[PDB]
Amino acid sequence: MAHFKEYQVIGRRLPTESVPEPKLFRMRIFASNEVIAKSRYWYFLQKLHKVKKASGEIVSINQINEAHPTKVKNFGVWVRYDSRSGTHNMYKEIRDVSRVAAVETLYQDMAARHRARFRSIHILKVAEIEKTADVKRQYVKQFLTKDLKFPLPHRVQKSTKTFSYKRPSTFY
Amino acid sequence: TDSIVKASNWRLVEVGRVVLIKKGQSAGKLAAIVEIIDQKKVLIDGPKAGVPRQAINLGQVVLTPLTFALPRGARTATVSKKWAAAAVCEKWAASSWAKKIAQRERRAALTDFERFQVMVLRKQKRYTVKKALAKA
Amino acid sequence: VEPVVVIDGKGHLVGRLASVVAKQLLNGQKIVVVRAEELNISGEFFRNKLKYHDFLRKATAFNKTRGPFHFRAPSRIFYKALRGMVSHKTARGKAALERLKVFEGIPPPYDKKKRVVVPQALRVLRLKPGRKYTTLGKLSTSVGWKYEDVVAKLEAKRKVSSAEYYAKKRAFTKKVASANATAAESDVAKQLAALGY
Amino acid sequence: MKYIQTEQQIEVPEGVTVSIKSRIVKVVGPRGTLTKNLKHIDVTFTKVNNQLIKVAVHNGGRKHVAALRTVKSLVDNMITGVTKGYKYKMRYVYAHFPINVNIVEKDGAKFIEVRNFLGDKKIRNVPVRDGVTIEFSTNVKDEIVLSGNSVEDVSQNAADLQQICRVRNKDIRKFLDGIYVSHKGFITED
Amino acid sequence: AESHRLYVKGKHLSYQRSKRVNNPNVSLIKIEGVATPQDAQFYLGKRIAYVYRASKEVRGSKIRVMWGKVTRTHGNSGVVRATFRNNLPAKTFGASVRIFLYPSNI
RNA sequence: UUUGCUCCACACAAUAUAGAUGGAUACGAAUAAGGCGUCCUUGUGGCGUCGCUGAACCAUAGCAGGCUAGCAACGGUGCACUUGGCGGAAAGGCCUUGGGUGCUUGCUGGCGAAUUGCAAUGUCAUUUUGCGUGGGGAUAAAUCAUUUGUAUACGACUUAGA
RNA sequence: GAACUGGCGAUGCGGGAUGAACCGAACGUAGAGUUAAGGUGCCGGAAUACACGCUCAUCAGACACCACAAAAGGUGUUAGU
Ligand SMILES: [Mg+2]
Ligand SMILES: [Mg+2]
Ligand SMILES: [Mg+2]
Ligand SMILES: [Mg+2]
Ligand SMILES: [Mg+2]
Ligand SMILES: [Mg+2]
Ligand SMILES: [Mg+2]
């Protein structure tokens, strides 16, 4: 699940005699595989237009890879989610190197802070923020400062053995 | 008359910091931090040693005391050029940390005959060491 | 590996150490634990004192001498934690329990034996910095342990004797390392370096 | 939110030296020396230019940075204590019974002795802490001055003196009698 | 020399079991110096001896042996499963067994 | 009270093993800090170095380890005999001094091994006990019965008696 | 007290500590392999696994049936409008 891929799914109503060549609606879906991608596509087309899987067709599904996977970006993410007593819209910022990884982090973060499962979340929009001074969240802005450098105090080293003879230290 | 405060130096998570990967497909190679993603993730690059440019968790690597000048977000070619210019490889090889690692593989690669020769040489060295330890 | 393992209980977390020791004894390793009074429990002292008072108030209603027994000494609090982690009502669990000795301080002959630590139960490695923790000797004293001061006096004089032993050993180590320095750049040393030694 | 780096600055005057081992702080000034143990905070101290000490917290939460600013205030208070010292002035408030306050020795130990508080027969005793000097101020009525190098000891001793004279079983809005801290300042203040 | 060992030290931990049912036909052996199934794979098929002493001489000896072999790895921490011609007595939970270097593939 | 009891040594026999199979290899503190070395004006000092695991260190070769000849150094180890010093938390161990007596793989030789037959723990430890041998050592009590009443249902307790 | 279906009764086995009915799965005698539900600090077979966060409770919390909790409130702390 969290090993997310991004798919474009393009579908349409089933062609008839009155309206051949329907309008080829397309979405970008974050999903673990194509089966889930197609299901999410039909769920959203179901909710937005008067169409369903039985009366429709999937013309194309394509994985969309990151253009520059090794370029650290800042992502604005607009989501809509269901809490225990209502529905809410949220905006969040993720510093990450790809859209699928940023969406992974978003789902982990929504699960952690709002106990919102994948079931309850609609990804409205994921967009790279083109430049700084547009980053609105301090938890992301604090990593954009010039010559940023920080230590990692209290390093804990994993032991391969039950017993140690040396009283380990945490220097780093 | 002079205020004295213990420094408590730490290796800093910073661009140009050399890290030693300890788990993964690299698992024992040097890489450079090219850009910081967050408190737990950084983007690293190991072009000379064959470490692909990748976002990694800081728990997968150990910071070394080695640093070199590197602009933030430098691409693979310039990382390689500045790594070679700074001569990171032999500055790493000269440290006793790398010497200890090399000693560990050399010991692991020994044969039974070589281990017997090690025993014989150790006894020969021990004879002279004990002799001098008794003299002085 | 060694026939008897002596664990310095200072700075360890009681439950994680007890789990490790229980598995060792059940697997057949002989364990001696020293300095039980320096064991740690996570959580503040008042909270762990409240927990022990809850334990104290549990007793057989019609006869208190047959009820749950409330041992106050740090070594016995650790022993109690290790029980319940061991199936003590069986012969195998009893056999595992005779493989264990727990002490306050470091009595002889263990005071001249090598002590080990269990890193996966060490407080400094396990607890998040800033989390409050309790010390077992202090909790035991507040509960009714009588021998904190005599243990502290014996630990102080043991530490003195150990310090002179360490000074002698450090001097001998310095001269041994000096002799090994003179052995370098010789042919035997060069060959040993080539072979990995 | 786990701020990357929070930092505060400590200014050290010319005649003061600060020696900070791991978290044991020693401040020596013209008026004496003070020591504080700070091994419960997890901060980092850095010396800059013999007049400036930086104190920092890395990857710290809201409570951690609050403690950082508390540490800066504590070290500043020790520096102020060795430079100019602390002085607390307390006044005697009474309606009918003159509160008699004196300094007595029980056995080599200074005690503040309070008598006739609300006409009581009980003599109240308050130990005098080390480094705290007591003086009964002339040229102003019913005032007692506590002075010392540590604001902690001076303020705590003054608080003990105030709390030893609490009224029981009366409307304290009416029976306002007691010994109250009237002024918190420095010894040499200008 | 002072060392004559030609086997690897092992400890008999328990039978194969669920929470409340055990299988005496399969024993679980912890081999010293083995921490992963990958390392335990070297020991698959190696012969195992449980060596114990008895008061009664039988065939010129007071020493008796129970023979078995390593059959597969067990878990994630280098424990192995072993089968013996006669099952281990189960008072030997925690006793020492010997894993020999034969049959050898090196 | 059978020539009983006890300690030491070796000889045999029995008994068992919660499980030897190179070595349990000793600072204390902190961990947002330390260890070690060095220097000074001796400190919360300067400088250097180290860790990132014990994957270490020490031991490790010889009919399960024989017999024998040398070379080189005066070291390393074992055994008793020793001179002391320290150790009471459960000391029961640690540090020593001086000769003797073996071994030495630090380095060169010479002789032996086989047939356990292609593997079978292939037996090399150590609780305890008894029967013997030869060398020291010591020479009582308790209970019943009687008796007291500071005790007492009976046991028990508490007293007395060559 | 009715409706449909599946069960128990008439049924053991693995899991839910424990339990007629829940989950998994139904049963000749054995061997081997693989799993279900449930689990993998120790009791106890199996990662003191890996990863991102949250929480410190002077009455924390810790897996459905199930062995309860509410209106209301808090510059505790986190995210968000
Ligand atoms: Mg009592
Ligand atoms: Mg019926
Ligand atoms: Mg239940
Ligand atoms: Mg059941
Ligand atoms: Mg169902
Ligand atoms: Mg569990
Ligand atoms: Mg287990």
# chains A, B, ... in the order shown; residues from 1 in each chain; ligands from 1

call {"tool": "closest_atom_pairs", "arguments": {"of": "chain D", "to": "chain A", "cutoff": "10 Å", "atoms": "only C-alpha atoms", "output": "Markdown table"}}
result
| residue | atom | partner | partner_atom | distance |
| --- | --- | --- | --- | --- |
| D:1 | CA | A:139 | CA | 6.8 |
| D:2 | CA | A:139 | CA | 8.2 |
| D:3 | CA | A:142 | CA | 7.6 |
| D:4 | CA | A:142 | CA | 7.2 |
| D:5 | CA | A:150 | CA | 7.6 |
| D:42 | CA | A:153 | CA | 9.9 |
| D:58 | CA | A:150 | CA | 7.4 |
| D:59 | CA | A:152 | CA | 8.6 |

call {"tool": "write_last_selection", "arguments": {"atoms": "N, CA and C atoms", "output": "PDB file, in the first residue's frame"}}
result
ATOM      1  N   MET D   1       6.994  20.303  17.676  1.00  0.00           N
ATOM      2  CA  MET D   1       7.155  20.275  16.229  1.00  0.00           C
ATOM      3  C   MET D   1       8.579  19.831  15.909  1.00  0.00           C
ATOM      4  N   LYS D   2       9.389  19.704  16.960  1.00  0.00           N
ATOM      5  CA  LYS D   2      10.795  19.311  16.862  1.00  0.00           C
ATOM      6  C   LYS D   2      11.589  20.320  16.026  1.00  0.00           C
ATOM      7  N   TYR D   3      11.704  21.521  16.589  1.00  0.00           N
ATOM      8  CA  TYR D   3      12.550  22.553  16.005  1.00  0.00           C
ATOM      9  C   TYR D   3      13.974  22.039  15.850  1.00  0.00           C
ATOM     10  N   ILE D   4      14.592  22.361  14.714  1.00  0.00           N
ATOM     11  CA  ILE D   4      15.924  21.841  14.416  1.00  0.00           C
ATOM     12  C   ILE D   4      16.929  22.308  15.462  1.00  0.00           C
ATOM     13  N   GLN D   5      16.922  23.600  15.771  1.00  0.00           N
ATOM     14  CA  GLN D   5      17.924  24.168  16.663  1.00  0.00           C
ATOM     15  C   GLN D   5      17.343  25.392  17.348  1.00  0.00           C
ATOM     16  N   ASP D  42      19.440  18.188  29.254  1.00  0.00           N
ATOM     17  CA  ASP D  42      19.992  17.812  27.948  1.00  0.00           C
ATOM     18  C   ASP D  42      20.103  19.027  27.020  1.00  0.00           C
ATOM     19  N   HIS D  58      18.883  20.692  20.275  1.00  0.00           N
ATOM     20  CA  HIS D  58      18.771  20.159  18.926  1.00  0.00           C
ATOM     21  C   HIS D  58      17.591  19.201  18.853  1.00  0.00           C
ATOM     22  N   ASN D  59      16.733  19.396  17.848  1.00  0.00           N
ATOM     23  CA  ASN D  59      15.584  18.525  17.597  1.00  0.00           C
ATOM     24  C   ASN D  59      14.700  18.417  18.841  1.00  0.00           C
TER      25      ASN D  59
END

call {"tool": "residues_near_ligand", "arguments": {"ligand": "ligand 3", "cutoff": "9 Å", "atoms": "only C-alpha atoms (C1' of nucleotides) and all ligand atoms", "output": "ChimeraX atom specification"}}
result
/G:16-18,66-67

call {"tool": "interface_residues", "arguments": {"of": "chain A", "to": "chain C", "cutoff": "9 Å", "atoms": "only C-alpha atoms", "output": "list in words"}}
result
residues 154, 155, 156, 157, 158, 159, 161, 162, 163, 164, 165, 166, 167, 168, 169 and 170 of chain A

call {"tool": "write_last_selection", "arguments": {"atoms": "N, CA, C and O atoms", "output": "tab-separated table (two decimals), in the first residue's frame"}}
result
chain	number	residue	atom	x	y	z
A	154	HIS	N	23.15	11.61	20.94
A	154	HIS	CA	22.68	10.38	21.59
A	154	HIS	C	22.46	9.26	20.56
A	154	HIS	O	21.35	8.76	20.38
A	155	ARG	N	23.54	8.89	19.89
A	155	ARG	CA	23.48	7.78	18.95
A	155	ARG	C	23.40	6.46	19.70
A	155	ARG	O	24.19	6.20	20.61
A	156	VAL	N	22.44	5.62	19.32
A	156	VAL	CA	22.25	4.31	19.92
A	156	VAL	C	22.63	3.25	18.89
A	156	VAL	O	22.00	3.16	17.83
A	157	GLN	N	23.64	2.46	19.21
A	157	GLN	CA	24.16	1.45	18.30
A	157	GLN	C	23.53	0.10	18.61
A	157	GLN	O	23.51	-0.33	19.77
A	158	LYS	N	23.02	-0.56	17.58
A	158	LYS	CA	22.39	-1.86	17.75
A	158	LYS	C	23.44	-2.93	17.98
A	158	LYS	O	24.44	-3.00	17.25
A	159	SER	N	23.23	-3.77	18.98
A	159	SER	CA	24.16	-4.83	19.33
A	159	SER	C	23.71	-6.14	18.70
A	159	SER	O	22.52	-6.49	18.74
A	161	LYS	N	24.76	-8.99	19.78
A	161	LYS	CA	24.94	-9.99	20.81
A	161	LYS	C	24.17	-9.59	22.06
A	161	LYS	O	23.90	-8.42	22.31
A	162	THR	N	23.83	-10.61	22.86
A	162	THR	CA	23.08	-10.38	24.09
A	162	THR	C	23.90	-9.59	25.11
A	162	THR	O	23.37	-8.69	25.77
A	163	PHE	N	25.18	-9.91	25.24
A	163	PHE	CA	26.02	-9.33	26.27
A	163	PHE	C	27.09	-8.44	25.66
A	163	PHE	O	27.57	-8.69	24.55
A	164	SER	N	27.44	-7.39	26.39
A	164	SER	CA	28.49	-6.46	25.99
A	164	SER	C	29.47	-6.31	27.14
A	164	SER	O	29.10	-6.38	28.31
A	165	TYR	N	30.74	-6.10	26.78
A	165	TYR	CA	31.82	-6.05	27.75
A	165	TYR	C	32.37	-4.64	27.96
A	165	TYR	O	33.41	-4.49	28.60
A	166	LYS	N	31.69	-3.61	27.45
A	166	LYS	CA	32.36	-2.32	27.28
A	166	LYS	C	31.55	-1.09	27.66
A	166	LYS	O	32.06	0.02	27.47
A	167	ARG	N	30.33	-1.22	28.20
A	167	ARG	CA	29.56	-0.05	28.62
A	167	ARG	C	29.43	0.98	27.50
A	167	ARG	O	30.15	1.99	27.51
A	168	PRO	N	28.56	0.76	26.52
A	168	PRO	CA	28.62	1.55	25.28
A	168	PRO	C	28.40	3.03	25.51
A	168	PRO	O	27.77	3.46	26.48
A	169	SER	N	28.94	3.83	24.59
A	169	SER	CA	28.81	5.28	24.60
A	169	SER	C	27.89	5.72	23.47
A	169	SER	O	27.62	4.97	22.53
A	170	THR	N	27.41	6.96	23.57
A	170	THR	CA	26.48	7.51	22.59
A	170	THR	C	27.07	8.68	21.82
A	170	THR	O	26.32	9.51	21.29

call {"tool": "interface_residues", "arguments": {"of": "chain E", "to": "chain A", "cutoff": "12 Å", "atoms": "only C-alpha atoms", "output": "tab-separated table (two decimals) with N, CA, C and O atoms, in the first residue's frame"}}
result
chain	number	residue	atom	x	y	z
E	32	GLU	N	25.83	-22.45	18.58
E	32	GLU	CA	26.62	-21.29	18.98
E	32	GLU	C	27.25	-20.63	17.75
E	32	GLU	O	27.76	-21.30	16.86
E	33	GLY	N	27.20	-19.30	17.72
E	33	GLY	CA	27.76	-18.54	16.62
E	33	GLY	C	26.91	-18.47	15.38
E	33	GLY	O	27.42	-18.07	14.32
E	34	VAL	N	25.63	-18.83	15.46
E	34	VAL	CA	24.71	-18.78	14.32
E	34	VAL	C	23.55	-17.88	14.69
E	34	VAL	O	22.86	-18.13	15.69
E	35	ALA	N	23.33	-16.83	13.90
E	35	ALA	CA	22.32	-15.83	14.21
E	35	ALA	C	21.28	-15.62	13.13
E	35	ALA	O	20.32	-14.87	13.36
E	36	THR	N	21.42	-16.24	11.96
E	36	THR	CA	20.50	-16.05	10.85
E	36	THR	C	20.20	-17.39	10.20
E	36	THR	O	21.00	-18.32	10.30
E	77	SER	N	16.48	-16.43	13.81
E	77	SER	CA	17.64	-16.14	14.65
E	77	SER	C	18.64	-17.29	14.67
E	77	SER	O	19.39	-17.44	15.64

call {"tool": "residues_near_ligand", "arguments": {"ligand": "ligand 4", "cutoff": "12 Å", "atoms": "only C-alpha atoms (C1' of nucleotides) and all ligand atoms", "output": "ChimeraX atom specification"}}
result
/G:12-24,37-38

call {"tool": "interface_residues", "arguments": {"of": "chain C", "to": "chain G", "cutoff": "6 Å", "atoms": "only C-alpha atoms (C1' of nucleotides)", "output": "JSON, numbers by chain"}}
result
{"C": [19, 85, 86, 87]}

call {"tool": "write_last_selection", "arguments": {"atoms": "N, CA and C atoms", "output": "short mmCIF file (atom, residue, chain, number, x, y, z; two decimals), in the first residue's frame"}}
result
data_model
loop_
_atom_site.label_atom_id
_atom_site.label_comp_id
_atom_site.auth_asym_id
_atom_site.auth_seq_id
_atom_site.Cartn_x
_atom_site.Cartn_y
_atom_site.Cartn_z
N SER C 19 13.63 -10.18 31.33
CA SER C 19 13.30 -10.99 30.16
C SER C 19 14.54 -11.64 29.56
N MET C 85 8.11 -14.31 34.59
CA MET C 85 8.77 -14.48 33.31
C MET C 85 9.35 -15.88 33.15
N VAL C 86 9.31 -16.66 34.22
CA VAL C 86 9.73 -18.06 34.21
C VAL C 86 8.57 -18.92 34.73
N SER C 87 8.36 -20.08 34.11
CA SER C 87 7.36 -21.05 34.57
C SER C 87 7.89 -21.76 35.82
#

call {"tool": "residues_around", "arguments": {"residues": "residue 2 (chain E)", "least_positions_apart": "6", "cutoff": "12 Å", "atoms": "only C-alpha atoms (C1' of nucleotides)", "output": "list in words"}}
result
residues 21, 22, 23, 59, 60, 61, 62, 64, 65 and 124 of chain F

call {"tool": "write_last_selection", "arguments": {"atoms": "N, CA and C atoms (P, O5', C5', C4', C3', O3' and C1' of nucleotides)", "output": "PDB file, in the first residue's frame"}}
result
ATOM      1  P     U F  21      31.856 -26.816  27.407  1.00  0.00           P
ATOM      2  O5'   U F  21      33.153 -27.649  27.006  1.00  0.00           O
ATOM      3  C5'   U F  21      34.433 -27.030  26.902  1.00  0.00           C
ATOM      4  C4'   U F  21      35.513 -28.041  26.601  1.00  0.00           C
ATOM      5  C3'   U F  21      35.679 -28.390  25.125  1.00  0.00           C
ATOM      6  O3'   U F  21      37.041 -28.725  24.875  1.00  0.00           O
ATOM      7  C1'   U F  21      35.087 -30.331  26.320  1.00  0.00           C
ATOM      8  P     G F  22      37.807 -28.100  23.613  1.00  0.00           P
ATOM      9  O5'   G F  22      38.856 -27.104  24.267  1.00  0.00           O
ATOM     10  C5'   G F  22      38.410 -25.974  24.993  1.00  0.00           C
ATOM     11  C4'   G F  22      39.527 -25.344  25.776  1.00  0.00           C
ATOM     12  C3'   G F  22      39.143 -24.117  26.582  1.00  0.00           C
ATOM     13  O3'   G F  22      38.577 -24.447  27.834  1.00  0.00           O
ATOM     14  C1'   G F  22      41.095 -23.665  25.344  1.00  0.00           C
ATOM     15  P     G F  23      37.488 -23.478  28.493  1.00  0.00           P
ATOM     16  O5'   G F  23      38.326 -22.192  28.916  1.00  0.00           O
ATOM     17  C5'   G F  23      39.284 -22.251  29.964  1.00  0.00           C
ATOM     18  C4'   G F  23      39.752 -20.875  30.359  1.00  0.00           C
ATOM     19  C3'   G F  23      38.662 -19.836  30.571  1.00  0.00           C
ATOM     20  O3'   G F  23      38.081 -19.916  31.860  1.00  0.00           O
ATOM     21  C1'   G F  23      40.386 -18.919  29.236  1.00  0.00           C
ATOM     22  P     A F  59      49.611 -15.345  25.259  1.00  0.00           P
ATOM     23  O5'   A F  59      48.944 -16.574  26.022  1.00  0.00           O
ATOM     24  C5'   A F  59      49.255 -17.909  25.669  1.00  0.00           C
ATOM     25  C4'   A F  59      48.030 -18.783  25.700  1.00  0.00           C
ATOM     26  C3'   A F  59      48.065 -20.000  24.793  1.00  0.00           C
ATOM     27  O3'   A F  59      48.758 -21.091  25.372  1.00  0.00           O
ATOM     28  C1'   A F  59      46.002 -18.871  24.532  1.00  0.00           C
ATOM     29  P     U F  60      50.248 -21.448  24.896  1.00  0.00           P
ATOM     30  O5'   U F  60      50.222 -21.155  23.336  1.00  0.00           O
ATOM     31  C5'   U F  60      50.162 -22.218  22.400  1.00  0.00           C
ATOM     32  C4'   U F  60      48.739 -22.614  22.092  1.00  0.00           C
ATOM     33  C3'   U F  60      48.543 -23.438  20.831  1.00  0.00           C
ATOM     34  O3'   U F  60      48.793 -24.817  21.041  1.00  0.00           O
ATOM     35  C1'   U F  60      46.949 -21.682  20.905  1.00  0.00           C
ATOM     36  P     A F  61      50.158 -25.487  20.527  1.00  0.00           P
ATOM     37  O5'   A F  61      50.029 -25.444  18.943  1.00  0.00           O
ATOM     38  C5'   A F  61      49.018 -26.187  18.272  1.00  0.00           C
ATOM     39  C4'   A F  61      49.615 -27.177  17.306  1.00  0.00           C
ATOM     40  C3'   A F  61      50.394 -28.316  17.951  1.00  0.00           C
ATOM     41  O3'   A F  61      50.258 -29.490  17.156  1.00  0.00           O
ATOM     42  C1'   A F  61      51.835 -27.069  16.557  1.00  0.00           C
ATOM     43  P     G F  62      49.676 -30.837  17.801  1.00  0.00           P
ATOM     44  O5'   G F  62      50.967 -31.734  18.047  1.00  0.00           O
ATOM     45  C5'   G F  62      51.747 -32.211  16.957  1.00  0.00           C
ATOM     46  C4'   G F  62      53.020 -32.874  17.422  1.00  0.00           C
ATOM     47  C3'   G F  62      52.854 -33.944  18.499  1.00  0.00           C
ATOM     48  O3'   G F  62      53.841 -34.952  18.299  1.00  0.00           O
ATOM     49  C1'   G F  62      54.295 -32.263  19.285  1.00  0.00           C
ATOM     50  P     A F  64      47.822 -38.838  19.450  1.00  0.00           P
ATOM     51  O5'   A F  64      47.934 -37.907  20.733  1.00  0.00           O
ATOM     52  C5'   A F  64      46.838 -37.089  21.121  1.00  0.00           C
ATOM     53  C4'   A F  64      46.810 -36.846  22.607  1.00  0.00           C
ATOM     54  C3'   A F  64      46.656 -38.097  23.463  1.00  0.00           C
ATOM     55  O3'   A F  64      47.325 -37.903  24.709  1.00  0.00           O
ATOM     56  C1'   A F  64      44.794 -36.680  23.796  1.00  0.00           C
ATOM     57  P     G F  65      48.430 -38.957  25.205  1.00  0.00           P
ATOM     58  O5'   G F  65      49.792 -38.414  24.585  1.00  0.00           O
ATOM     59  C5'   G F  65      50.243 -37.090  24.846  1.00  0.00           C
ATOM     60  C4'   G F  65      51.144 -36.584  23.748  1.00  0.00           C
ATOM     61  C3'   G F  65      51.956 -35.338  24.092  1.00  0.00           C
ATOM     62  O3'   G F  65      53.213 -35.398  23.422  1.00  0.00           O
ATOM     63  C1'   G F  65      50.562 -34.883  22.239  1.00  0.00           C
ATOM     64  P     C F 124      35.827 -39.422  29.264  1.00  0.00           P
ATOM     65  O5'   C F 124      37.352 -39.040  29.493  1.00  0.00           O
ATOM     66  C5'   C F 124      38.142 -39.711  30.469  1.00  0.00           C
ATOM     67  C4'   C F 124      39.543 -39.153  30.525  1.00  0.00           C
ATOM     68  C3'   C F 124      39.633 -37.635  30.659  1.00  0.00           C
ATOM     69  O3'   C F 124      40.762 -37.303  31.460  1.00  0.00           O
ATOM     70  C1'   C F 124      40.732 -38.317  28.681  1.00  0.00           C
TER      71        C F 124
END

call {"tool": "closest_residue", "arguments": {"among": "B:77, B:87, B:51, B:43", "to": "residue 24 (chain B)", "atoms": "only C-alpha atoms"}}
result
B:51

call {"tool": "closest_atom_pairs", "arguments": {"of": "chain D", "to": "chain B", "cutoff": "7 Å", "atoms": "only C-alpha atoms", "output": "CSV"}}
result
residue,atom,partner,partner_atom,distance
D:17,CA,B:3,CA,4.8
D:18,CA,B:3,CA,4.7
D:19,CA,B:4,CA,4.9
D:20,CA,B:5,CA,4.9
D:21,CA,B:6,CA,6.0
D:45,CA,B:5,CA,6.8
D:46,CA,B:7,CA,6.0
D:47,CA,B:5,CA,5.7
D:50,CA,B:3,CA,5.8

call {"tool": "select_by_dssp", "arguments": {"residues": "chain E", "states": "strand (DSSP E)", "output": "ChimeraX atom specification"}}
result
/E:7-17,22-31,47-53,63-74,79-84,96-100

call {"tool": "interface_residues", "arguments": {"of": "chain G", "to": "chain B", "cutoff": "12 Å", "atoms": "only C-alpha atoms (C1' of nucleotides)", "output": "PyMOL selection string"}}
result
chain G and resi 50-52

call {"tool": "select_by_dssp", "arguments": {"residues": "region 19-102 of chain E", "states": "alpha helix (DSSP H)", "output": "PyMOL selection string"}}
result
chain E and resi 37-40

call {"tool": "residues_around", "arguments": {"residues": "residue 68 (chain F)", "least_positions_apart": "2", "cutoff": "12 Å", "atoms": "only C-alpha atoms (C1' of nucleotides)", "output": "VMD selection string"}}
result
chain F and resid 66 70 109 to 112

call {"tool": "residues_around", "arguments": {"residues": "residue 73 (chain C)", "least_positions_apart": "2", "cutoff": "7 Å", "atoms": "only C-alpha atoms (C1' of nucleotides)", "output": "PyMOL selection string"}}
result
chain C and resi 71+75-77+140+145

call {"tool": "atom_distance", "arguments": {"atom1": "CA of residue 78 (chain D)", "atom2": "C1' of residue 44 (chain F)"}}
result
16.8 Å

call {"tool": "interface_residues", "arguments": {"of": "chain E", "to": "chain F", "cutoff": "6 Å", "atoms": "only C-alpha atoms (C1' of nucleotides)", "output": "ChimeraX atom specification"}}
result
/E:2-3,51,95

call {"tool": "write_last_selection", "arguments": {"atoms": "N, CA and C atoms", "output": "short mmCIF file (atom, residue, chain, number, x, y, z; two decimals), in the first residue's frame"}}
result
data_model
loop_
_atom_site.label_atom_id
_atom_site.label_comp_id
_atom_site.auth_asym_id
_atom_site.auth_seq_id
_atom_site.Cartn_x
_atom_site.Cartn_y
_atom_site.Cartn_z
N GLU E 2 45.73 -27.95 23.72
CA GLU E 2 44.72 -27.97 24.76
C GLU E 2 43.31 -28.11 24.20
N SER E 3 43.12 -27.82 22.92
CA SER E 3 41.83 -27.94 22.26
C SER E 3 41.82 -29.17 21.36
N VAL E 51 25.43 -36.48 24.09
CA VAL E 51 26.32 -37.39 24.80
C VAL E 51 26.03 -37.25 26.29
N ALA E 95 20.38 -28.55 27.78
CA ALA E 95 21.60 -29.34 27.77
C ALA E 95 22.40 -29.10 26.49
#

call {"tool": "atom_distance", "arguments": {"atom1": "CA of residue 125 (chain B)", "atom2": "CA of residue 188 (chain C)"}}
result
6.3 Å

call {"tool": "residues_around", "arguments": {"residues": "residue 123 (chain C)", "least_positions_apart": "6", "cutoff": "9 Å", "atoms": "only C-alpha atoms (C1' of nucleotides)", "output": "PyMOL selection string"}}
result
chain C and resi 11-13+40-42+133
